>>> print(open('input-v8.txt').read())   # compact mmCIF, C-alpha atoms
# COMPACT_ATOMS: atom_id res chain seq x y z
CA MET K 1 -25.86 12.79 -13.27
CA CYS K 2 -22.19 12.16 -12.40
CA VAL K 3 -20.45 15.19 -10.97
CA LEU K 4 -17.23 15.23 -8.94
CA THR K 5 -16.39 18.48 -7.10
CA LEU K 6 -12.74 19.13 -6.26
CA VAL K 7 -10.44 21.96 -5.08
CA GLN K 8 -7.56 23.78 -6.85
CA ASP K 9 -4.06 23.35 -5.29
CA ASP K 10 -5.12 20.50 -3.03
CA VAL K 11 -3.30 17.19 -2.77
CA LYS K 12 -6.46 15.19 -1.99
CA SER K 13 -8.05 16.63 -5.15
CA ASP K 14 -5.01 15.79 -7.30
CA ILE K 15 -5.29 12.16 -6.11
CA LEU K 16 -8.91 11.90 -7.28
CA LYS K 17 -7.91 13.32 -10.68
CA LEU K 18 -5.01 10.87 -10.98
CA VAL K 19 -7.29 7.92 -10.09
CA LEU K 20 -9.57 8.99 -12.95
CA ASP K 21 -6.44 9.00 -15.11
CA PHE K 22 -5.30 5.61 -13.75
CA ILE K 23 -8.84 4.37 -14.44
CA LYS K 24 -8.78 5.68 -18.00
CA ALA K 25 -5.24 4.36 -18.63
CA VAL K 26 -5.37 0.97 -16.89
CA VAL K 27 -8.93 -0.33 -16.38
CA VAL K 28 -11.25 1.02 -19.04
CA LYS K 29 -8.83 1.48 -21.90
CA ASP K 30 -9.74 2.15 -25.44
CA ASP K 31 -13.43 1.77 -24.60
CA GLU K 32 -14.92 5.12 -25.51
CA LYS K 33 -18.35 4.18 -24.20
CA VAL K 34 -17.52 4.31 -20.48
CA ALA K 35 -18.72 7.59 -18.94
CA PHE K 36 -16.52 9.68 -16.61
CA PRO K 37 -17.62 12.25 -14.04
CA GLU K 38 -17.95 15.93 -14.82
CA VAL K 39 -15.27 17.62 -12.75
CA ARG K 40 -15.78 21.01 -11.19
CA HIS K 41 -13.57 23.09 -8.99
CA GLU K 42 -15.24 24.58 -5.97
CA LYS K 43 -14.18 24.50 -2.30
CA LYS K 44 -14.95 21.08 -0.73
CA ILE K 45 -14.72 17.50 -2.03
CA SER K 46 -18.15 16.14 -2.93
CA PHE K 47 -19.24 13.46 -5.38
CA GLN K 48 -22.72 13.25 -6.88
CA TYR K 49 -23.52 9.94 -8.54
CA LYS K 50 -27.13 9.03 -9.12
CA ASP K 51 -29.20 9.90 -6.08
CA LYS K 52 -26.33 9.47 -3.69
CA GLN K 53 -23.89 12.01 -2.45
CA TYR K 54 -20.38 11.24 -1.10
CA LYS K 55 -18.14 13.54 0.88
CA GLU K 56 -14.44 14.21 1.25
CA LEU K 57 -11.56 12.22 -0.14
CA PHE K 58 -12.22 8.86 1.38
CA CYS K 59 -15.95 8.41 0.91
CA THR K 60 -15.49 9.51 -2.71
CA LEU K 61 -12.47 7.34 -3.44
CA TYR K 62 -14.34 4.29 -2.26
CA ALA K 63 -17.43 5.28 -4.23
CA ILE K 64 -15.29 5.57 -7.40
CA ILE K 65 -13.39 2.33 -6.82
CA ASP K 66 -16.85 0.77 -6.62
CA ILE K 67 -18.37 2.20 -9.81
CA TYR K 68 -15.29 1.44 -11.93
CA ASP K 69 -14.85 -1.99 -10.37
CA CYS K 70 -11.12 -1.28 -10.08
CA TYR K 71 -10.25 -2.44 -6.53
CA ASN K 72 -8.11 -5.35 -7.75
CA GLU K 73 -6.08 -3.13 -10.10
CA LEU K 74 -5.60 -0.35 -7.52
CA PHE K 75 -4.94 -2.41 -4.43
CA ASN K 76 -2.99 -5.22 -6.13
CA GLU K 77 -5.21 -8.08 -5.02
CA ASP K 78 -3.59 -10.20 -7.75
CA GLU K 79 -0.31 -10.03 -5.74
CA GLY K 80 -1.98 -10.40 -2.31
CA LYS K 81 -0.78 -6.93 -1.29
CA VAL K 82 -4.15 -5.31 -0.50
CA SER K 83 -3.26 -4.76 3.19
CA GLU K 84 0.25 -3.55 2.31
CA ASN K 85 -1.26 -1.05 -0.17
CA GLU K 86 -3.62 0.03 2.61
CA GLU K 87 -0.84 0.40 5.22
CA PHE K 88 0.98 2.87 2.94
CA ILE K 89 -2.01 5.07 1.97
CA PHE K 90 -3.42 5.20 5.50
CA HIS K 91 -0.02 6.10 6.93
CA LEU K 92 0.15 8.97 4.46
CA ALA K 93 -3.36 10.28 5.17
CA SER K 94 -2.42 9.95 8.82
CA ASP K 95 0.57 12.31 8.37
CA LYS K 96 -1.67 14.87 6.65
CA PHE K 97 -0.01 13.91 3.31
CA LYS K 98 3.33 15.41 4.21
CA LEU K 99 6.69 13.66 4.06
CA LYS K 100 9.64 14.39 6.34
CA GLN K 101 13.19 14.26 4.90
CA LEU K 102 13.64 10.96 6.74
CA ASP K 103 10.62 9.66 4.78
CA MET K 104 12.27 10.65 1.50
CA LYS K 105 15.35 8.72 2.64
CA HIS K 106 13.17 5.64 3.27
CA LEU K 107 11.42 6.17 -0.05
CA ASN K 108 14.41 6.82 -2.18
CA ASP K 109 16.14 3.72 -0.91
CA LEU K 110 13.00 1.73 -1.48
CA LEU K 111 12.68 2.92 -5.01
CA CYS K 112 16.22 1.96 -5.94
CA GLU K 113 15.18 -1.59 -6.22
CA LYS K 114 11.55 -1.04 -7.05
CA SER K 115 9.67 0.36 -10.00
CA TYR K 116 6.71 0.99 -7.71
CA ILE K 117 6.51 1.70 -3.98
CA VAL K 118 4.47 -1.46 -3.20
CA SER K 119 3.75 -3.49 -6.33
CA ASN K 120 6.07 -5.74 -8.30
CA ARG K 121 3.97 -5.36 -11.46
CA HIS K 122 2.20 -2.07 -12.01
CA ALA K 123 1.39 1.24 -10.40
CA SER K 124 -1.08 0.97 -7.51
CA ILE K 125 -3.17 3.28 -5.35
CA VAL K 126 0.02 4.00 -3.37
CA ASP K 127 2.03 5.34 -6.32
CA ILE K 128 -0.86 7.67 -7.02
CA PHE K 129 -0.94 8.86 -3.38
CA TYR K 130 2.77 9.62 -2.96
CA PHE K 131 3.02 11.06 -6.47
CA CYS K 132 0.56 13.78 -5.49
CA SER K 133 2.14 14.27 -2.06
CA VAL K 134 5.76 14.56 -3.31
CA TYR K 135 4.85 16.80 -6.25
CA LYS K 136 5.36 20.21 -4.48
CA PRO K 137 8.54 19.33 -2.54
CA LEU K 138 9.86 17.92 -5.82
CA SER K 139 8.90 20.88 -7.98
CA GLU K 140 10.75 23.23 -5.61
CA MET K 141 13.86 21.11 -5.25
CA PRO K 142 17.25 22.60 -6.30
CA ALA K 143 19.43 20.55 -8.70
CA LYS K 144 22.07 19.65 -6.03
CA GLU K 145 19.42 18.09 -3.76
CA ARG K 146 17.47 16.26 -6.53
CA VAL K 147 20.38 13.94 -7.26
CA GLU K 148 20.42 12.87 -3.58
CA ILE K 149 16.91 11.49 -4.27
CA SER K 150 17.57 10.25 -7.83
CA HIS K 151 15.38 7.10 -7.44
CA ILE K 152 12.30 9.07 -6.34
CA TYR K 153 12.89 11.24 -9.39
CA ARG K 154 13.27 8.20 -11.62
CA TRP K 155 10.05 6.79 -10.21
CA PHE K 156 8.34 10.22 -10.37
CA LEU K 157 8.75 10.98 -14.10
CA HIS K 158 7.66 7.44 -14.89
CA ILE K 159 4.30 7.90 -13.13
CA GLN K 160 4.15 11.29 -14.84
CA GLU K 161 4.72 9.81 -18.28
CA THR K 162 2.36 6.84 -17.92
CA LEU K 163 -0.56 7.78 -15.67
CA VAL K 164 -0.95 11.53 -16.02
CA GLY K 165 -3.78 12.11 -18.51
CA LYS K 166 -6.89 14.18 -19.22
CA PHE K 167 -8.00 14.91 -15.64
CA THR K 168 -4.65 15.69 -13.99
CA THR K 169 -4.20 19.46 -13.81
CA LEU K 170 -0.66 19.71 -12.36
CA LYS K 171 1.98 21.08 -14.77
CA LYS K 172 4.57 18.52 -15.95
CA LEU K 173 8.14 18.64 -14.56
CA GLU K 174 11.36 18.74 -16.65
CA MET R 1 -28.66 -9.40 -1.01
CA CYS R 2 -27.60 -7.75 2.28
CA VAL R 3 -25.53 -10.53 3.76
CA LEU R 4 -22.36 -9.63 5.66
CA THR R 5 -19.76 -12.35 6.04
CA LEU R 6 -17.23 -11.86 8.89
CA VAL R 7 -14.44 -13.77 10.69
CA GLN R 8 -14.43 -15.10 14.25
CA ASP R 9 -11.54 -13.79 16.41
CA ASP R 10 -10.80 -10.97 14.01
CA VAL R 11 -10.26 -7.39 15.32
CA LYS R 12 -11.38 -6.12 11.93
CA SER R 13 -14.70 -8.01 12.13
CA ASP R 14 -15.29 -6.85 15.68
CA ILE R 15 -15.09 -3.31 14.26
CA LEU R 16 -17.77 -4.15 11.70
CA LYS R 17 -20.12 -5.77 14.24
CA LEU R 18 -19.67 -2.84 16.60
CA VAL R 19 -20.32 -0.46 13.70
CA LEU R 20 -23.70 -2.14 13.20
CA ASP R 21 -24.43 -1.92 16.92
CA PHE R 22 -23.53 1.79 16.81
CA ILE R 23 -26.03 2.22 13.94
CA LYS R 24 -28.86 0.69 15.99
CA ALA R 25 -28.12 2.68 19.19
CA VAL R 26 -27.07 6.04 17.72
CA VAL R 27 -28.73 6.30 14.32
CA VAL R 28 -32.06 4.53 14.62
CA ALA R 35 -33.48 -3.62 7.88
CA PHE R 36 -30.09 -5.13 8.86
CA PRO R 37 -27.80 -7.58 7.04
CA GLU R 38 -27.75 -11.30 7.69
CA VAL R 39 -24.44 -11.81 9.46
CA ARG R 40 -22.39 -14.96 8.77
CA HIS R 41 -18.98 -16.23 9.83
CA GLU R 42 -16.52 -17.61 7.29
CA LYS R 43 -12.79 -17.11 6.57
CA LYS R 44 -12.92 -13.71 4.81
CA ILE R 45 -14.69 -10.35 5.29
CA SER R 46 -17.11 -9.74 2.43
CA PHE R 47 -20.42 -7.91 1.91
CA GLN R 48 -23.11 -8.78 -0.52
CA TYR R 49 -25.46 -5.90 -1.09
CA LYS R 50 -27.75 -5.92 -4.07
CA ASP R 51 -25.58 -7.06 -6.95
CA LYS R 52 -22.39 -5.65 -5.50
CA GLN R 53 -19.82 -7.56 -3.51
CA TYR R 54 -17.36 -5.62 -1.42
CA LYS R 55 -14.22 -7.15 0.00
CA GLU R 56 -12.42 -6.51 3.29
CA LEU R 57 -12.96 -3.98 6.00
CA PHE R 58 -12.70 -0.60 4.33
CA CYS R 59 -14.74 -1.37 1.24
CA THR R 60 -17.46 -2.90 3.46
CA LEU R 61 -17.29 -0.19 6.09
CA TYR R 62 -17.65 2.55 3.51
CA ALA R 63 -20.56 0.77 1.84
CA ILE R 64 -22.30 0.30 5.20
CA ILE R 65 -21.69 3.98 5.92
CA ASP R 66 -23.30 4.86 2.56
CA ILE R 67 -26.33 2.62 2.93
CA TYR R 68 -27.02 3.70 6.52
CA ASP R 69 -26.22 7.35 5.82
CA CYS R 70 -24.43 7.58 9.15
CA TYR R 71 -21.26 9.26 7.88
CA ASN R 72 -21.99 12.41 9.86
CA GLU R 73 -22.55 10.51 13.11
CA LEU R 74 -19.54 8.17 12.79
CA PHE R 75 -17.22 11.00 11.73
CA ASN R 76 -18.53 13.98 13.77
CA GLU R 77 -19.25 16.13 10.77
CA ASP R 78 -21.26 18.26 13.18
CA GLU R 79 -18.16 19.20 15.19
CA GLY R 80 -15.96 19.51 12.10
CA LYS R 81 -13.85 16.54 13.19
CA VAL R 82 -14.22 14.46 10.02
CA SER R 83 -10.50 14.83 9.31
CA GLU R 84 -9.51 14.26 12.93
CA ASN R 85 -11.49 11.00 13.03
CA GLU R 86 -10.00 9.81 9.73
CA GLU R 87 -6.61 10.69 11.29
CA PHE R 88 -7.02 8.30 14.24
CA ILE R 89 -8.55 5.29 12.47
CA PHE R 90 -5.99 5.50 9.67
CA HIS R 91 -3.00 5.70 12.02
CA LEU R 92 -4.40 2.74 13.95
CA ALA R 93 -5.13 0.66 10.84
CA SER R 94 -1.63 1.51 9.61
CA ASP R 95 -0.07 0.11 12.83
CA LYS R 96 -1.96 -3.15 12.04
CA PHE R 97 -4.41 -2.37 14.90
CA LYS R 98 -1.78 -2.79 17.68
CA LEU R 99 -0.84 -0.18 20.30
CA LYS R 100 2.59 0.61 21.65
CA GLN R 101 2.54 1.07 25.45
CA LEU R 102 3.36 4.76 24.93
CA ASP R 103 0.11 4.88 22.98
CA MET R 104 -1.75 3.54 26.01
CA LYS R 105 -0.20 6.14 28.29
CA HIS R 106 -1.14 8.84 25.79
CA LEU R 107 -4.62 7.37 25.38
CA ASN R 108 -5.15 7.02 29.14
CA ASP R 109 -4.09 10.66 29.41
CA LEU R 110 -6.32 12.03 26.62
CA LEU R 111 -9.31 10.28 28.23
CA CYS R 112 -8.76 11.73 31.76
CA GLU R 113 -10.43 14.89 30.49
CA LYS R 114 -12.59 13.55 27.60
CA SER R 115 -15.52 11.08 27.44
CA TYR R 116 -14.62 9.96 23.90
CA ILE R 117 -11.32 9.83 22.01
CA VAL R 118 -12.12 12.44 19.35
CA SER R 119 -15.70 13.69 19.77
CA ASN R 120 -16.99 16.03 22.46
CA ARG R 121 -20.51 14.59 22.16
CA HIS R 122 -21.04 10.90 21.41
CA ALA R 123 -18.91 7.93 20.28
CA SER R 124 -17.31 8.19 16.83
CA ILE R 125 -15.72 5.66 14.45
CA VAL R 126 -12.50 6.22 16.47
CA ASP R 127 -14.11 4.87 19.64
CA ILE R 128 -15.35 1.83 17.75
CA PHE R 129 -11.92 1.25 16.17
CA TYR R 130 -9.90 1.52 19.41
CA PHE R 131 -12.43 -0.44 21.52
CA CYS R 132 -12.00 -3.56 19.39
CA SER R 133 -8.22 -3.09 19.25
CA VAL R 134 -7.55 -2.57 22.98
CA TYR R 135 -9.88 -5.44 23.95
CA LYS R 136 -7.43 -8.35 24.35
CA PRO R 137 -4.73 -6.42 26.30
CA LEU R 138 -7.39 -5.13 28.65
CA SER R 139 -8.83 -8.65 28.82
CA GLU R 140 -5.44 -10.09 29.70
CA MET R 141 -4.52 -7.31 32.09
CA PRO R 142 -3.82 -8.04 35.74
CA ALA R 143 -5.78 -5.82 38.15
CA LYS R 144 -2.96 -3.49 39.26
CA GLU R 145 -2.18 -2.32 35.71
CA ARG R 146 -5.88 -2.01 34.88
CA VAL R 147 -5.82 0.79 37.47
CA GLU R 148 -2.56 2.03 35.91
CA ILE R 149 -4.74 2.78 32.86
CA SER R 150 -7.95 3.64 34.73
CA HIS R 151 -9.22 6.32 32.32
CA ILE R 152 -9.18 3.87 29.37
CA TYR R 153 -11.01 1.28 31.48
CA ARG R 154 -13.67 3.85 32.35
CA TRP R 155 -14.11 4.82 28.71
CA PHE R 156 -13.97 1.15 27.68
CA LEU R 157 -16.79 0.03 29.97
CA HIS R 158 -18.81 3.04 28.78
CA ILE R 159 -18.73 1.92 25.11
CA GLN R 160 -19.52 -1.59 26.31
CA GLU R 161 -22.62 -0.39 28.15
CA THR R 162 -23.89 1.95 25.43
CA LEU R 163 -22.76 0.42 22.09
CA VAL R 164 -22.46 -3.36 22.54
CA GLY R 165 -25.51 -5.15 21.07
CA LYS R 166 -26.93 -7.91 18.89
CA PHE R 167 -24.11 -8.14 16.41
CA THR R 168 -21.11 -7.98 18.79
CA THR R 169 -19.73 -11.37 19.76
CA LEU R 170 -17.19 -10.04 22.27
CA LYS R 171 -17.80 -11.20 25.85
CA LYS R 172 -18.23 -8.30 28.29
CA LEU R 173 -15.66 -7.46 30.99
CA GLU R 174 -16.46 -6.94 34.72
>>> encode(input="input-v8.txt", output="structure tokens")
Amino acid sequence: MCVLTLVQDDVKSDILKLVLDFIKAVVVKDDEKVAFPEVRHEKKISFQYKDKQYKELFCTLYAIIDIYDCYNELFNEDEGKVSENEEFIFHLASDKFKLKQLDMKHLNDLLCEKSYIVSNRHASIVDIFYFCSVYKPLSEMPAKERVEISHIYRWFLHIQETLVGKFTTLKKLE
Amino acid sequence: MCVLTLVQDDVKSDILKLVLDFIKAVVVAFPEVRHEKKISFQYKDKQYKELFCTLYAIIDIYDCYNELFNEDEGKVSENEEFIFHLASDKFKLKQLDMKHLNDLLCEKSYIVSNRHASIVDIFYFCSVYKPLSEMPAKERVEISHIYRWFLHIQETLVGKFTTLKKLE
């Protein structure tokens, strides 16, 4: 009926879990009636909804955004920052979801004054993207280095404490 | 139902019209196409807004994901890579991008694929249009391989939905 296939230890797959968490936390809320996809872990990213099949991260993400009617929430249409949200997530996908140390510098500075990478209100699609991308480099980071990126860390644990839910499989830090 | 609303003089909308033209030439009931202020798509009871929501819906409905992304050649990721970088740079190219593009296309027929045009050809075509359009002759030849590729897309993809005037 509604089956999402993902992959273990894959950033793209983490993202699709965290969206389902963002969707549960932010969009449908205490409404128990809404149905969520069965999640399975196999080797490629497919999504089976009704008679239609969707493939890989992008086709699936846009399928999901559609079903849960959560474009506005995710892309911050309310603030007129759709294109700015897009610019960030596309740039990341472009760089195969990896961040150079010069990117962390740009990010950490940015997060000093911001609660969220793009939005001035709530977490967007972009916070979800970079969360999943910075997770490994962050989990491996020695204490001395972590304080050099204190703002990223301050932003990180906040997304962790507020969006991470049922579907997210990554172990919690601290 | 099935009405696509686009914008005149909009690189983004040019991409969508060319996408539809690609569908007719390479893959084969088409949407009514209208021009307003904002890109929207009305299909069934669903309304999709902007380029990527519309593009992905149109991909889904026309089941042309494989063709547009070269699933065949395992270049799905590589295609995604080019269109996303381009969209990120707000659809503009640095002149070092043109030199690199011109170079890549000396030895290829299409930017990513080794077979037919992909979404990447569509995306870049509509983006490089104006500079090429405004280019004096001597620096058209300075980027001859792009020009060759460009005119090729023009002669094999451009159709009913495209509003762009043809060059040479």
>>> residues_around(input="input-v8.txt", residues="region 93-97 of chain R", least_positions_apart="5", cutoff="9 Å", atoms="all atoms listed in the file", output="list in words")
residues 86, 87, 88, 89, 90, 91 and 94 of chain K; 11, 12, 88, 129, 130, 132, 133 and 134 of chain R
>>> atom_distance(input="input-v8.txt", atom1="CA of residue 44 (chain R)", atom2="CA of residue 7 (chain R)")
6.1 Å
>>> closest_residue(input="input-v8.txt", among="R:21, R:79, R:86, R:51", to="chain K", atoms="all atoms listed in the file")
R:86
>>> residues_around(input="input-v8.txt", residues="region 106-114 of chain R", least_positions_apart="4", cutoff="9 Å", atoms="only C-alpha atoms", output="VMD selection string")
chain R and resid 101 to 102 118 to 120 148 to 155
>>> residues_around(input="input-v8.txt", residues="residue 172 (chain K)", least_positions_apart="5", cutoff="10 Å", atoms="all atoms listed in the file", output="JSON, numbers by chain")
{"K": [135, 139, 157, 160, 161, 164]}
>>> closest_residue(input="input-v8.txt", among="K:30, K:35, K:65, K:41", to="chain R", atoms="all atoms listed in the file")
K:65
>>> interface_residues(input="input-v8.txt", of="chain R", to="chain K", cutoff="6 Å", atoms="all atoms listed in the file", output="ChimeraX atom specification")
/R:87,90-91,94
>>> atom_distance(input="input-v8.txt", atom1="CA of residue 47 (chain R)", atom2="CA of residue 49 (chain K)")
20.9 Å
>>> closest_residue(input="input-v8.txt", among="K:34, K:16, K:11, K:110", to="residue 133 (chain K)", atoms="all atoms listed in the file")
K:11
>>> closest_residue(input="input-v8.txt", among="R:104, R:20, R:147, R:123", to="residue 168 (chain R)", atoms="all atoms listed in the file")
R:20
>>> residues_around(input="input-v8.txt", residues="residue 64 (chain R)", least_positions_apart="3", cutoff="10 Å", atoms="all atoms listed in the file", output="number ranges by chain")
R: 4, 16, 19-20, 23, 37, 47, 49, 58-61, 67-71
>>> residues_around(input="input-v8.txt", residues="residue 22 (chain R)", least_positions_apart="4", cutoff="9 Å", atoms="all atoms listed in the file", output="compact mmCIF listing (two decimals) with C-alpha atoms, keeping the file's coordinate frame")
# COMPACT_ATOMS: atom_id res chain seq x y z
CA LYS R 17 -20.12 -5.77 14.24
CA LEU R 18 -19.67 -2.84 16.60
CA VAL R 26 -27.07 6.04 17.72
CA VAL R 27 -28.73 6.30 14.32
CA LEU R 74 -19.54 8.17 12.79
CA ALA R 123 -18.91 7.93 20.28
CA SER R 124 -17.31 8.19 16.83
CA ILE R 128 -15.35 1.83 17.75
CA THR R 162 -23.89 1.95 25.43
CA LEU R 163 -22.76 0.42 22.09
CA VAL R 164 -22.46 -3.36 22.54
CA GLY R 165 -25.51 -5.15 21.07
>>> closest_residue(input="input-v8.txt", among="K:111, K:118, K:100, K:6", to="residue 80 (chain K)", atoms="all atoms listed in the file")
K:118
>>> closest_residue(input="input-v8.txt", among="R:43, R:52, R:146, R:105", to="residue 1 (chain R)", atoms="all atoms listed in the file")
R:52
>>> atom_distance(input="input-v8.txt", atom1="CA of residue 142 (chain R)", atom2="CA of residue 125 (chain R)")
28.0 Å
>>> build_atoms(input="input-v8.txt", residues="region 105-135 of chain R", atoms="N, CA and C atoms", output="compact mmCIF listing (two decimals), in the frame of the given file")
# COMPACT_ATOMS: atom_id res chain seq x y z
N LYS R 105 -0.41 5.04 27.36
CA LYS R 105 -0.20 6.14 28.29
C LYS R 105 -0.78 7.43 27.73
N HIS R 106 -0.56 7.67 26.44
CA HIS R 106 -1.14 8.84 25.79
C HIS R 106 -2.66 8.77 25.73
N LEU R 107 -3.18 7.58 25.44
CA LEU R 107 -4.62 7.37 25.38
C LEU R 107 -5.27 7.58 26.74
N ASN R 108 -4.75 6.87 27.75
CA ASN R 108 -5.15 7.02 29.14
C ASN R 108 -5.17 8.48 29.58
N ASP R 109 -4.19 9.24 29.09
CA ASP R 109 -4.09 10.66 29.41
C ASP R 109 -5.14 11.51 28.72
N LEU R 110 -5.30 11.33 27.41
CA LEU R 110 -6.32 12.03 26.62
C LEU R 110 -7.74 11.84 27.19
N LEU R 111 -8.01 10.64 27.70
CA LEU R 111 -9.31 10.28 28.23
C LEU R 111 -9.53 10.61 29.73
N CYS R 112 -8.54 11.20 30.40
CA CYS R 112 -8.76 11.73 31.76
C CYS R 112 -9.77 12.86 31.67
N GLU R 113 -9.62 13.69 30.64
CA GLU R 113 -10.43 14.89 30.49
C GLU R 113 -11.48 14.84 29.37
N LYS R 114 -11.52 13.76 28.59
CA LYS R 114 -12.59 13.55 27.60
C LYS R 114 -13.42 12.28 27.85
N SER R 115 -14.66 12.27 27.37
CA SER R 115 -15.52 11.08 27.44
C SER R 115 -15.25 10.13 26.27
N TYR R 116 -14.89 10.70 25.13
CA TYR R 116 -14.62 9.96 23.90
C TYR R 116 -13.32 10.44 23.26
N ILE R 117 -12.68 9.56 22.50
CA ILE R 117 -11.32 9.83 22.01
C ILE R 117 -11.22 11.10 21.17
N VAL R 118 -12.16 11.29 20.24
CA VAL R 118 -12.12 12.44 19.35
C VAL R 118 -13.28 13.41 19.61
N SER R 119 -14.50 12.87 19.64
CA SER R 119 -15.70 13.69 19.77
C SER R 119 -15.83 14.32 21.14
N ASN R 120 -16.58 15.42 21.20
CA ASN R 120 -16.99 16.03 22.46
C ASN R 120 -18.46 15.78 22.75
N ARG R 121 -19.06 14.78 22.11
CA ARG R 121 -20.51 14.59 22.16
C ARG R 121 -20.97 13.16 22.33
N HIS R 122 -20.71 12.32 21.33
CA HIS R 122 -21.04 10.90 21.41
C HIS R 122 -19.88 10.10 20.83
N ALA R 123 -19.99 8.77 20.82
CA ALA R 123 -18.91 7.93 20.28
C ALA R 123 -18.82 8.14 18.79
N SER R 124 -17.59 8.12 18.27
CA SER R 124 -17.31 8.19 16.83
C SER R 124 -16.74 6.86 16.35
N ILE R 125 -16.41 6.82 15.06
CA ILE R 125 -15.72 5.66 14.45
C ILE R 125 -14.41 5.35 15.19
N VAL R 126 -13.76 6.39 15.73
CA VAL R 126 -12.50 6.22 16.47
C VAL R 126 -12.71 5.43 17.76
N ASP R 127 -13.86 5.61 18.41
CA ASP R 127 -14.11 4.87 19.64
C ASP R 127 -14.31 3.43 19.31
N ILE R 128 -15.11 3.17 18.28
CA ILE R 128 -15.35 1.83 17.75
C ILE R 128 -14.03 1.14 17.40
N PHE R 129 -13.18 1.83 16.63
CA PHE R 129 -11.92 1.25 16.17
C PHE R 129 -10.99 0.86 17.30
N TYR R 130 -10.78 1.77 18.26
CA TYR R 130 -9.90 1.52 19.41
C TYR R 130 -10.45 0.49 20.40
N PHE R 131 -11.76 0.55 20.68
CA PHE R 131 -12.43 -0.44 21.52
C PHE R 131 -12.03 -1.84 21.13
N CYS R 132 -12.26 -2.20 19.86
CA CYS R 132 -12.00 -3.56 19.39
C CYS R 132 -10.52 -3.90 19.40
N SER R 133 -9.67 -2.90 19.20
CA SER R 133 -8.22 -3.09 19.25
C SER R 133 -7.68 -3.29 20.68
N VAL R 134 -8.06 -2.42 21.61
CA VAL R 134 -7.55 -2.57 22.98
C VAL R 134 -8.18 -3.70 23.80
N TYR R 135 -9.09 -4.47 23.20
CA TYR R 135 -9.88 -5.44 23.95
C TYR R 135 -9.02 -6.50 24.62
